[PDB]
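# Summary of structural features
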Amino acid sequence: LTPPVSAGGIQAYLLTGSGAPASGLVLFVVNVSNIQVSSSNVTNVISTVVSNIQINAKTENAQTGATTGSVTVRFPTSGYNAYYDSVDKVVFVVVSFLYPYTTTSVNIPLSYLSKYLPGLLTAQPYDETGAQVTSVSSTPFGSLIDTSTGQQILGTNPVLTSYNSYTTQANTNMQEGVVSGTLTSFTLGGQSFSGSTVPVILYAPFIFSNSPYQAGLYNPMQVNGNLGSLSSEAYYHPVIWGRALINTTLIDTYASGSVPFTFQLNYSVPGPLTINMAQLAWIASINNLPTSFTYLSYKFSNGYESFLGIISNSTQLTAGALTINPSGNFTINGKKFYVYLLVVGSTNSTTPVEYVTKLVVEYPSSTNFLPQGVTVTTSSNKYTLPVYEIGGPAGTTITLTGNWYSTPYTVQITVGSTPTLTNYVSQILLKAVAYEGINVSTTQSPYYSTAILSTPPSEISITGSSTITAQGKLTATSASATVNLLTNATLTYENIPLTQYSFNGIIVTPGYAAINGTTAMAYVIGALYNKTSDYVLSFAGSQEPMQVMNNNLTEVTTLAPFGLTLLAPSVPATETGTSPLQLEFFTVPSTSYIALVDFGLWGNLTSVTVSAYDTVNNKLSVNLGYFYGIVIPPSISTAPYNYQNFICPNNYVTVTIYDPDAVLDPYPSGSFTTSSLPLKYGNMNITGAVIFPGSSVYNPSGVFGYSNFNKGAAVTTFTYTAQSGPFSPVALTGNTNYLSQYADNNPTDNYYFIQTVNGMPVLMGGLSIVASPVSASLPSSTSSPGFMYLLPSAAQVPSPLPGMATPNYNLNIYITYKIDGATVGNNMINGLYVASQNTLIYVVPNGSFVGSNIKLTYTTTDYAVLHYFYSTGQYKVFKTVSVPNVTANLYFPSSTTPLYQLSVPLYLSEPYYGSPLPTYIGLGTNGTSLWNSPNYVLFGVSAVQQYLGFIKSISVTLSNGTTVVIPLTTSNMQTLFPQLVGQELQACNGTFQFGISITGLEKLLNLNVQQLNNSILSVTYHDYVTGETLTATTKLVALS
Ligand SMILES: *[C@@H]1O[C@H](CO)[C@@H](O[C@@H]2O[C@H](CO[C@H]3O[C@H](CO)[C@@H](O)[C@H](O)[C@@H]3O)[C@@H](O[C@H]3O[C@H](CO)[C@@H](O)[C@H](O)[C@@H]3O)[C@H](O[C@@H]3O[C@H](CS(=O)(=O)O)[C@@H](O[C@@H]4O[C@H](CO)[C@@H](O)[C@H](O)[C@H]4O)[C@H](O)[C@H]3O)[C@H]2NC(C)=O)[C@H](O)[C@H]1NC(C)=O
Ligand SMILES: *[C@@H]1O[C@H](CO)[C@@H](O[C@@H]2O[C@H](CO[C@H]3O[C@H](CO)[C@@H](O)[C@H](O)[C@@H]3O)[C@@H](O[C@H]3O[C@H](CO)[C@@H](O)[C@H](O)[C@@H]3O)[C@H](O[C@@H]3O[C@H](CS(=O)(=O)O)[C@@H](O[C@@H]4O[C@H](CO)[C@@H](O)[C@H](O)[C@H]4O)[C@H](O)[C@H]3O)[C@H]2NC(C)=O)[C@H](O)[C@H]1NC(C)=O
Ligand SMILES: *[C@@H]1O[C@H](CO)[C@@H](O[C@@H]2O[C@H](CO[C@H]3O[C@H](CO)[C@@H](O)[C@H](O)[C@@H]3O)[C@@H](O[C@H]3O[C@H](CO)[C@@H](O)[C@H](O)[C@@H]3O)[C@H](O[C@@H]3O[C@H](CS(=O)(=O)O)[C@@H](O)[C@H](O)[C@H]3O)[C@H]2NC(C)=O)[C@H](O)[C@H]1NC(C)=O
Ligand SMILES: *[C@@H]1O[C@H](CO)[C@@H](O[C@@H]2O[C@H](CO[C@H]3O[C@H](CO)[C@@H](O)[C@H](O)[C@@H]3O)[C@@H](O)[C@H](O[C@@H]3O[C@H](CS(=O)(=O)O)[C@@H](O)[C@H](O)[C@H]3O)[C@H]2NC(C)=O)[C@H](O)[C@H]1NC(C)=O
Ligand SMILES: *[C@@H]1O[C@H](CO)[C@@H](O[C@@H]2O[C@H](CO[C@H]3O[C@H](CO)[C@@H](O)[C@H](O)[C@@H]3O)[C@@H](O)[C@H](O[C@@H]3O[C@H](CS(=O)(=O)O)[C@@H](O)[C@H](O)[C@H]3O)[C@H]2NC(C)=O)[C@H](O)[C@H]1NC(C)=O
Ligand SMILES: *[C@@H]1O[C@H](CO)[C@@H](O[C@@H]2O[C@H](CO[C@H]3O[C@H](CO)[C@@H](O)[C@H](O)[C@@H]3O)[C@@H](O)[C@H](O[C@@H]3O[C@H](CS(=O)(=O)O)[C@@H](O)[C@H](O)[C@H]3O)[C@H]2NC(C)=O)[C@H](O)[C@H]1NC(C)=O
Ligand SMILES: *[C@@H]1O[C@H](CO)[C@@H](O[C@@H]2O[C@H](CO)[C@@H](O)[C@H](O[C@@H]3O[C@H](CS(=O)(=O)O)[C@@H](O)[C@H](O)[C@H]3O)[C@H]2NC(C)=O)[C@H](O)[C@H]1NC(C)=O
Ligand SMILES: *[C@@H]1O[C@H](CO)[C@@H](O[C@@H]2O[C@H](CO)[C@@H](O)[C@H](O[C@@H]3O[C@H](CS(=O)(=O)O)[C@@H](O)[C@H](O)[C@H]3O)[C@H]2NC(C)=O)[C@H](O)[C@H]1NC(C)=O
Ligand SMILES: *[C@@H]1O[C@H](CO)[C@@H](O[C@@H]2O[C@H](CO[C@H]3O[C@H](CO)[C@@H](O)[C@H](O)[C@@H]3O)[C@@H](O)[C@H](O)[C@H]2NC(C)=O)[C@H](O)[C@H]1NC(C)=O
Ligand SMILES: *[C@@H]1O[C@H](CO)[C@@H](O[C@@H]2O[C@H](CO[C@H]3O[C@H](CO)[C@@H](O)[C@H](O)[C@@H]3O)[C@@H](O)[C@H](O)[C@H]2NC(C)=O)[C@H](O)[C@H]1NC(C)=O
Ligand SMILES: *[C@@H]1O[C@H](CO)[C@@H](O[C@@H]2O[C@H](CO)[C@@H](O)[C@H](O)[C@H]2NC(C)=O)[C@H](O)[C@H]1NC(C)=O
Ligand SMILES: *[C@@H]1O[C@H](CO)[C@@H](O[C@@H]2O[C@H](CO)[C@@H](O)[C@H](O)[C@H]2NC(C)=O)[C@H](O)[C@H]1NC(C)=O
Ligand SMILES: *[C@@H]1O[C@H](CO)[C@@H](O[C@@H]2O[C@H](CO)[C@@H](O)[C@H](O)[C@H]2NC(C)=O)[C@H](O)[C@H]1NC(C)=O
Ligand SMILES: *[C@@H]1O[C@H](CO)[C@@H](O)[C@H](O)[C@H]1NC(C)=O
């Protein structure tokens, strides 16, 4: 039982799952373990308990939560069914609320109920009236008493009517049924009873939940206050970036356990877009080609080459010594035509260059001028047609001879020196639709919570409408015409004789960067001029989307034909006409994000609607969820730092990168993978994305939703793992071929996700580091993706949704010198390294510390940011941290020092020498300074003896003005400094103390004890770190 039921309390539970008798059954229970009961008085205890139960029944509007009717009821004094179980020590009763068992009783096998009341397999329950029985019967709802009235519930009452009619009620009226209960407090047997149940839901339609988030979706990052202006509206205007997951909750009362859900997303942009389109192929009748022209075949991103298509009556095309055999044939009303496909290029070749798999030509039917079509086939009726190559050195000219109907024609191609690219540019009202699926489980039915992708890696269909227009002159014997389409594509017709056809047409592909050559649409338009009662010039046209894969250009589907007609009763005349036209492109999977950015469908204006389908039960959502798209530029920042940030081991510099577009999964450390399959939706099977949580990539089979579906072994599993070397890097491990199928939150690898084409990533985003003057960089040319485990910070407890991500990534930088030249096994510690999750360490020599610098360049991870902010440069952000110069000092405590005292301290001070205690500087030779710091550690490496400076001179100027310079020798030092070592005085305050000794100085000079020695002492030290030369002086004093 979940939840458990307290001493002397009441609770209610819904009967569900496999083998459940019927819908709308609830079991009420009261805990009676607190007292003793016997066969003598069991009927008294059940009587006492069941007398005190009160039940409330409501109806509500499923979206708003508004109550629409309420009744409150009580068990009768006789004729009800209620039981006692000796084993579990509980009294229990079952009520049936919904159709058909509203007025009649239903029987519940005791095998089933044992899920909730396990005692029932051990002993049969006590009945009312003290008997024992093998089977349980419901008390029906329509038998209970209205507390308002003192009578049995009215058959006419609206709540009872509703519950009895729930089937049509829920769907049509968005009505939802809810029940709760309470036990009116009483004392029995020296114990007391009190409680109120949680409420329970009998039925509800399948909807997006609309409380409190009115839009049905939400983005945790916006609800917590982290998105600025956009946090004012998180309850009714959700936004998300390109490739990320947005959260959602569905209410589902039909489901049991886990359910696969399928989703459909429709995107729209206000107002039309201007589209740029490149000519893949050009097909004409031999009569329509111009006399002489220059041509050279273009080569597209996917390797395919443009081709030139001649249609002719002649069984070969002839060109002197060379003859061309036709790629295919077709027939119209017994007349037979041949189709020749050529690539103009390098050298005459006898084998196919590439292929085209189906191709539809449309023509006006002779009878009715309605459109009809045929697919061109090979001479053995196979569909795939081959393309051949002709050509030679530039400026070579080739004459091709053919026939159109009765008449011979000759055409003269010049082989160009540079590829012919024709661009057409038009305005079109674009829209796109996409599909996706996920497997979802719950612990709080009927609420199912999940998240869906913003843009999926499926096929996506881009679609939109446009206009074609025709202009023309008709005469007694022949007709002339031109057409415009796609704004500035132009086709022309040489004068068409009566009863003759003529063809022209073009194939385009999208003329953007990488998606070129991957997909297409083809239009071919046939014309016919004939005499009826009237002179009629008619056009008919095909419309087919096409895709290229493995060098076959193939038809995906055919949409409907279109036609236009120009009519003249007069013999000479001039005319015009128009028709709508349609356009459709199917993206190939890997290209699908790129498409949406380039055509302009994703951007700050885009708006998206979502519907959802239950794969177990065959139901669709009766309401829709909504969200809006956004693109946001990155930012870099630092908290203000002084020199203090670089002294002792626990001091570092923090940089914050703000980049929300890098956060693909709302939960930090969350991970998912993705593949493409057929998905069940509606009553159809459609190519779509399946999202799988975790870190393993699958190549599945069958259809998602049905029983065929099987994900095999993990092809690869990606993991961050520790590695050897100093510190210990954590870096990504796994087969790099599959990175375009894995998502994380780490910007050092998120750039691959849906942004890899032909096996190279489009945008070399992420974080890049250069360092100076010790030259190093990450990533180096050899370095893997995912060179460090950088992850975003979590929202804390005062926020509405804790534990969720935030757009801040916090990155720690250490620069240090004290562990330079340390060794860790085979490793020598010098340069730039990664440590832990979010840390970099740079170790530089003593002479290079001040002025060292690190420059961080962060480049956006998302292709939308690169596209919208290319010109302004707001796609990269830079920052530098660098070590500032600082003033050291050397000083005797006082200007005058007495000769009476044996030792007079000389203190040195320099911030960057400081460390944890103990630390000491030793002196030797010609005054060379050695620094030691045994307790110093940084991520496991410990400090080495450093050589940091020297005492430069010591001199005394005497009372007669003579100046003596004391020579620094290993023997002289030991007298002047009885301890050759100076200690640090306090932690991280670099201030060292030395004991220059007057008792030594006298003997070292051989000068008369005091009588001569009214003198000025002078001392000097040079440090390598800054480069400064410090000096200190004192007047030696006695009675003079
Ligand atoms: C593919 O195969 C094609 C079909 O056979 C070849 O086409 C033929 O190309 C000839 C040029 O090719 C030669 O030169 C290039 C260097 O530029 C080499 O790479 C080639 O290997 C080859 O040696 C072309 O000849 C014309 O250009 C020549 C320049 O070298 C020159 O002889 C003339 O200027 C030619 O006009 C062919 O075009 C036809 O040529 C004949 C003459 S012939 O066949 O060359 O002997 C002409 O007939 C003449 O017309 C004139 C009118 O002024 C009369 O005075 C004369 O009595 C009569 O002979 C035709 O007018 C002319 O069209 C051309 N053949 C055709 C018809 O297509 C092609 O080279 C191969 N391509 C490669 C390199 O892969
Ligand atoms: C928005 O909707 C998101 C859906 O993507 C929710 O993300 C899911 O978050 C889970 C943690 O969230 C919990 O805690 C937060 C507070 O921080 C609450 O707001 C939430 O209500 C919730 O209580 C996370 O579950 C995992 O972490 C849990 C520890 O908190 C742990 O109990 C679980 O056992 C999970 O490991 C989901 O993260 C992923 O979970 C899947 C498993 S499952 O999806 O939970 O079933 C893991 O995949 C597995 O990986 C192993 C590798 O060892 C494989 O062997 C196995 O094949 C594979 O199943 C992932 O490793 C793990 O990252 C997380 N879902 C995803 C896909 O990221 C988010 O919470 C929702 N927001 C709100 C506010 O509710
Ligand atoms: C349909 O209308 C379109 C109007 O946008 C035309 O597209 C634009 O065409 C410009 C002219 O070049 C065209 O003529 C070629 C030679 O016959 C032919 O191969 C193509 O049809 C080709 O598009 C084109 O200019 C380019 O070429 C010029 C000539 O070499 C050169 O001077 C330019 O620098 C440029 O490379 C347009 O591209 C844009 O041109 C701008 C200057 S201007 O030439 O338009 O005055 C330039 O500032 C800009 O950077 C550049 O993008 C091209 N426009 C676009 C966006 O595609 C199209 O040709 C018309 N279709 C037909 C029937 O040909
Ligand atoms: C009626 O009342 C008593 C008091 O409320 C209560 O017993 C307490 O609950 C369970 C036993 O019953 C539950 O668990 C079993 C499965 O183990 C199921 O079959 C039952 O249907 C119940 O769900 C014991 O766990 C309690 O002992 C204590 O439990 C604490 C957690 S709790 O959430 O379960 O209460 C632990 O922290 C303690 O360490 C542990 O001692 C027991 N409480 C006591 C001390 O009496 C029953 O739930 C109710 N009666 C029955 C039999 O259902
Ligand atoms: C279909 O695909 C090919 C291959 O990707 C593409 O060629 C690449 O075009 C870019 C620029 O694209 C724009 O200009 C051309 C005209 O030059 C237009 O046709 C396009 O519509 C675009 O407006 C060329 O610059 C590429 O050359 C490369 O430039 C790179 C820098 S970039 O930022 O400019 O891209 C360098 O890093 C490369 O070293 C250099 O090769 C060119 N790429 C290649 C590999 O040749 C076609 O233009 C596309 N054509 C169609 C039908 O649009
Ligand atoms: C910090 O960096 C300084 C400045 O670059 C460097 O000083 C250089 O000292 C070396 C000798 O140091 C070696 O011995 C001591 C033992 O006392 C060790 O602690 C060190 O680890 C070294 O093994 C001197 O050779 C340099 O003096 C000059 O060298 C020039 C050539 S160079 O290529 O060596 O620089 C000559 O042309 C000059 O005539 C000579 O004066 C000295 N470098 C300079 C330019 O002053 C320290 O060793 C580094 N200190 C530590 C320990 O990190
Ligand atoms: C799509 O719309 C976004 C929302 O306006 C644009 O994002 C804004 O980008 C600009 C810089 O170009 C910047 O002003 C915003 O940064 C925030 O500014 C806020 C001030 S206010 O605008 O709310 O008054 C600050 O409160 C906040 O700390 C800054 O982070 C930025 N807005 C957001 C959401 O961060 C985006 O530029 C635009 N994209 C396109 C296609 O141009
Ligand atoms: C372009 O020409 C193709 C042949 O050059 C045509 O292919 C023929 O199509 C017919 C009808 O679809 C098909 O039955 C032929 O297959 C042959 O059938 C022969 C008997 S009969 O049909 O001639 O009576 C048999 O000998 C044998 O089964 C097949 O060889 C097929 N002909 C060949 C030679 O393959 C094609 O229809 C035409 N394309 C269009 C669209 O006009
Ligand atoms: C587009 O043309 C392709 C020719 O390369 C062809 O793809 C190959 O198909 C084979 C098996 O198909 C046989 O039949 C075709 C007839 O077009 C032959 O050309 C081919 O050699 C085979 O005998 C298969 O091994 C593989 O998918 C492709 N071969 C290669 C080079 O790997 C396609 O059949 C055709 N259209 C489509 C996609 O149906
Ligand atoms: C940190 O500031 C110091 C104090 O101003 C400064 O040392 C003093 O200035 C000069 C040194 O200038 C020479 O040295 C530099 C660095 O090698 C060279 O660019 C060039 O040869 C300069 O002429 C020195 O003579 C003077 O004694 C120093 N003053 C004191 C107080 O003793 C440092 O130069 C400075 N460090 C850096 C790298 O910025
Ligand atoms: C019903 O009868 C049983 C006895 O058969 C009761 O148990 C006794 O209760 C008294 C006080 O209530 C206790 O002092 C005894 O220890 C119990 N005797 C036995 C035989 O166990 C039980 O409590 C009775 N229930 C009610 C509600 O009266
Ligand atoms: C989302 O786009 C889909 C296009 O796939 C649309 O659903 C189609 O609805 C039309 C009638 O409007 C029917 O001809 C088709 O049966 C539907 N298509 C499919 C494949 O099921 C619809 O226009 C858009 N739906 C929304 C949410 O507005
Ligand atoms: C196109 O030219 C071809 C040349 O092959 C002509 O084909 C003729 O076809 C008819 C059958 O209708 C036969 O009687 C002749 O034997 C063929 N003539 C020749 C010379 O081969 C045909 O005349 C022309 N087609 C059109 C549409 O005018
Ligand atoms: C100190 O200077 C003397 C004299 O120039 C020289 O002999 C000696 O090698 C120097 N010692 C060191 C190690 O600094």
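Criteria and thresholds
Residues numbered from 1 in each chain as written, not as in the entry; some residues may be left out. Chains lettered and ligands numbered in written order. Heavy atoms only, no water. UniProt positions renumbered as here; feature names shortened; annotations may be inferred. Pairing = 2+ DSSP bridges. Helix = DSSP H or I, 4+ residues; strand = E, 2+ residues; numbered from the N terminus. Axes fitted to C-alpha atoms, helices over the stretch in contact; angles between N-to-C directions. Near = heavy atom within 4 Å. Polar contact = N/O pair within 3.5 Å; in protein donor to acceptor, adjacent residues only side chain to side chain. Areas by Shrake-Rupley, 256 points an atom, 1.4 Å probe, with all protein chains shown as cover. Nonpolar A, V, L, I, M, F, W, Y, C, P; charged D, E, K, R; others polar. Disulfide = S-S within 2.5 Å. Buried < 20%, exposed > 50% of the residue type's maximum accessible area, 1.4 Å probe, protein only. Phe/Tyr/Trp six-rings, centres within 6.5 Å; stacked < 30°, edge-to-face > 60°. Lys NZ or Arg CZ within 6 Å of the ring centre and 35° of its normal. Domains from an automatic or database assignment. Contact = heavy atoms within 4.5 Å. Buried area = accessible area lost by both parts, 1.4 Å probe. Salt bridge = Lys/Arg side-chain N within 4 Å of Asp/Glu carboxyl O. Core = buried A, V, L, I, M, F, W, Y, C linked by side-chain atoms within 4.5 Å. 1 Å grid on protein atoms, 1.4 Å probe; cavity = no way out; pocket = protein on both sides within 12 Å on 5 of 7 lines; lining within 4 Å. Points joined across faces, edges and corners; volume = space filled by probe spheres on them.

If you look the protein up in the PDB entry, it shows as S-layer protein A from Sulfolobus acidocaldarius DSM 639. Here the PDB entry's recorded title is "S-layer protein SlaA from Sulfolobus acidocaldarius at pH 7.0". Listed in UniProt under the heading Subunit, the comment for the protein reads: "The mushroom-shaped unit cells of the Sulfolobales' S-layers may consist of three SlaB subunits and six SlaA subunits." In its Sequence similarities section, the UniProt entry covering the protein states "Belongs to the Sulfolobales SlaA family."

Within the open sheet, the four strands sit side by side as 61-60-67-68. Their pairing is antiparallel. A strand with exactly one partner marks an edge of an open sheet, and here the two such strands are strand 61 (776-778) and strand 68 (876-882). Each strand axis lies, on average, 15° off the axis of its neighbour in the sheet, ignoring direction. Looking at chain direction, strand 67 (residues 853-859) and strand 68 are connected through seven bridges and run antiparallel.

Before going further, it helps to spend a moment on the site of ligand 11. Neighbouring ligand 11 are the residues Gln36, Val37, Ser38, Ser40, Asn41 and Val45. At a separation of 2.9 Å, an oxygen atom of ligand 11 approaches a polar side-chain atom of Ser38. Protein chains bury 40% of the 580 Å² of accessible surface belonging to ligand 11 in isolation. For the shell around ligand 11, a count of residues per class yields two nonpolar, four polar and no charged.

On to the site of ligand 5. Close to ligand 5 lie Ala278, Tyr298, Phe300, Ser301, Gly511, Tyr512, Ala513 and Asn516. Measuring from a nitrogen atom of ligand 5, one finds a side-chain N or O atom of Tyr298 at 3.4 Å. Within the backbone of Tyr512, an N or O atom sits 3.3 Å from an oxygen atom of ligand 5. Taken by itself ligand 5 offers 870 Å² of open surface, and the protein chains cover 30% of this. Across the shell around ligand 5, the residue classes break down as five nonpolar, three polar and no charged.

With that settled, the discussion passes to the state of the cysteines. Tallying each qualifying case throughout the model produces one disulfide. Put simply, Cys648 and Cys988 are joined by a disulfide, and their sulfur atoms are 2.1 Å apart. Between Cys648 and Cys988, the disulfide has an S-S torsion of -120° and is therefore left-handed. With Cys648 in the loop between strand 49 (635-638) and strand 50 (653-658) and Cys988 in the loop between strand 78 (981-986) and strand 79 (989-994), this residue pair connects regions lying 340 residues apart in the sequence. What makes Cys988 partly exposed here is its relative accessible area of 31%.

Attention shifts here to the packing of aromatic side chains. Summed over the entire model, instances satisfying the criterion amount to 45 aromatic pairs. Pairing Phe97 with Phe141 gives two aromatic rings, centres 4.8 Å apart and planes at 40°, and the pair type is tilted. Within this pair, whereas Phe97 is found in the loop between strand 6 (90-96) and strand 7 (107-109), its partner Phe141 is found in the loop between strand 9 (139-140) and strand 10 (145-146), the two being separated by 44 residues in sequence. You can call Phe97 buried: its relative accessible area is 0%. Among the aromatic residues, ring-to-ring pairing joins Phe97, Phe141, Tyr163, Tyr166 and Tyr203 into one connected group. Sitting over the ring of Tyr254, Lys619 keeps its end group 4.4 Å from the ring centre. Positioned above the aromatic ring of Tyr698, the side-chain terminus of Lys711 is 4.7 Å from the ring centre.

On to the domain arrangement of the protein. You can read the domains of the protein as domain 1 (10-205), domain 2 (217-272 + 435-459 + 599-629), domain 3 (275-428 + 460-594), domain 4 (635-668 + 719-733 + 745-882) and domain 5 (889-1037). Computed over C-alpha atoms only, the centres of domain 4 and domain 5 are separated by 43 Å. Between domain 4 and domain 5, the residue contacts involve 21 residues of the former and 22 residues of the latter. With both chains or domains summed, domain 4 and domain 5 bury close to 2,000 Å², and 72% of this area falls on carbon and sulfur atoms. At the boundary of domain 4 and domain 5, one finds zero salt bridges. Taken together, the links from domain 4 to domain 5 amount to seven residue pairs in polar contact.

Turning to the sheet that holds strand 50, a few remarks are in order. Reading across the sheet, the five strands line up as 49-50-62-66-65 and stay open at both edges, with mixed pairing between neighbours. Looking at the sheet topology across the chains shown, the edges are occupied by strand 49 and strand 65 (831-835). Strand-to-strand, the axes of this sheet are offset by a mean angle of 25°, without reference to chain direction. Pairing analysis gives four bridges linking strand 49 to strand 50, with the strands arranged antiparallel. By the bridge assignment, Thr638 is partnered in strand 50 with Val655.

Here the focus is the nonpolar core. Grouped together as the largest cluster of nonpolar side chains are 97 residues, with contacts concentrated most on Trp241, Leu430, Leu537, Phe539, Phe599, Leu601 and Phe627. Residue contributions to this core peak at six residues, all from helix 6 (residues 592-599). Among the nonpolar cores identified, the runner-up in size contains 72 residues, and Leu790, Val904, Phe992 and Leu1017 belong to it.

Counting buried positions along helix 6 yields eight of eight residues, so the element is predominantly enclosed. Looking at helix 6, one finds that the buried residues are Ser592, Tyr593, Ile594, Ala595, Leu596, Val597, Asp598 and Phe599. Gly600, located one to two residues past helix 6, shows a positive phi value of around 105°.

A separate point is the layout of surface pockets. Approximately 1,400 Å³ is the volume found for the largest pocket. Lining of the largest pocket is provided by 46 residues; of these, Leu14, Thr16, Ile201, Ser445 and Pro446 occupy positions nearest its centre. Those elements that provide at least two residues to the lining of the largest pocket are strand 1 (10-14), helix 4 (166-173), strand 12 (175-188), strand 14 (200-203) and strand 35 (447-453). In terms of residue class, the lining of the largest pocket is made up of 26 nonpolar, 15 polar and five charged. Taken together, domain 1 (10-205) and domain 2 (217-272 + 435-459 + 599-629) each give at least three residues to the lining of the largest pocket, which thus spans both. Its volume calculated, the second largest pocket comes out at about 630 Å³.

In total, this model carries three salt bridges according to the counting rule given. We note a salt bridge from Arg243 to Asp862, for which the minimum N-O separation is 2.8 Å. In this pair, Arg243 is assigned in the loop between strand 17 (239-240) and strand 18 (245-251) and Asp862 in the loop between strand 67 and helix 7 (863-868), connecting sequence segments 619 residues apart. The same class applies to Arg243 and to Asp862, which are both buried. Residues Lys358 and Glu555 are paired through a salt bridge, measuring 2.9 Å at the closest nitrogen-oxygen approach. Pair noted here: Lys358 is in the loop between strand 27 (354-356) and strand 28 (360-364) and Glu555 is in strand 43 (residues 552-555), with a separation of 197 residues, a long-range link. Judged by relative accessible area, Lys358 falls into the partly exposed class, the value being 27%.

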